[PDB]
Amino acid sequence: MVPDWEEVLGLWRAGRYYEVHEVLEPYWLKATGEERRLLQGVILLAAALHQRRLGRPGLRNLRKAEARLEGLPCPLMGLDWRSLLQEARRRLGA
């Protein structure tokens, strides 16, 4: 079992960033290597946007996400993460 990205991106599109974080935690906990890095990276991008919605800094989370996603193949786990990272960056003004 791996995330159904259609559902996850659905939450993201609906602005439920914290929910994306909560839904991916169980997968990250069971994951290893590249897959674990990808899951944590997506979690950190969601976390960054959630923080900014509260008027709090999101760049620290974006930086950590980039560190995890750096060097991963794309797509991975059926997700085009380069696009998601691109969107997060734009939303953060990064």
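What the deposited record gives as its method is X-ray crystallography, and the resolution it gives is 1.85 Å.

Readers searching the PDB will find this entry under the title "Crystal structure of conserved hypothetical protein, TTHA0068 from Thermus thermophilus HB8".

Draft legend 1. Region of interest: the nonpolar core. Residues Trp12, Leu38 and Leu45 are the most contacted members of the largest nonpolar core, which totals 28 residues. Those elements giving two or more residues to this core turn out to be α1 (5-13), α2 (17-30), α3 (33-53), α4 (59-69) and α5 (81-92). Setting aside anything within four residues of it in sequence, one finds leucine 45 in contact with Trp12, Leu62, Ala65, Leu69, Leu84, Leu85 and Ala88.

Draft legend 2. Quick look at the pattern of salt bridges. Under the definition given, this model contains four salt bridges. For the salt bridge of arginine 13 with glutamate 6, the shortest nitrogen-to-oxygen distance reads 3.3 Å. By relative accessible area, which is 58% here, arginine 13 ends up exposed. Given a relative accessible area of 53%, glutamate 6 falls into the exposed group. Between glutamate 19 and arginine 16 there is a salt bridge, and its shortest N-O distance comes to 3.4 Å. In this structure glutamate 19 comes out as partly exposed when scored by relative accessible area, which is 25%. Given a relative accessible area of 44%, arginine 16 falls into the partly exposed group.

Conventions we followed
Residues numbered from 1 in each chain as written, not as in the entry; some residues may be left out. Heavy atoms only, no water. Core = buried A, V, L, I, M, F, W, Y, C linked by side-chain atoms within 4.5 Å. Buried < 20%, exposed > 50% of the residue type's maximum accessible area, 1.4 Å probe, protein only. Helix = DSSP H or I, 4+ residues; strand = E, 2+ residues; numbered from the N terminus. Contact = heavy atoms within 4.5 Å. Salt bridge = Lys/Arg side-chain N within 4 Å of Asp/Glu carboxyl O.

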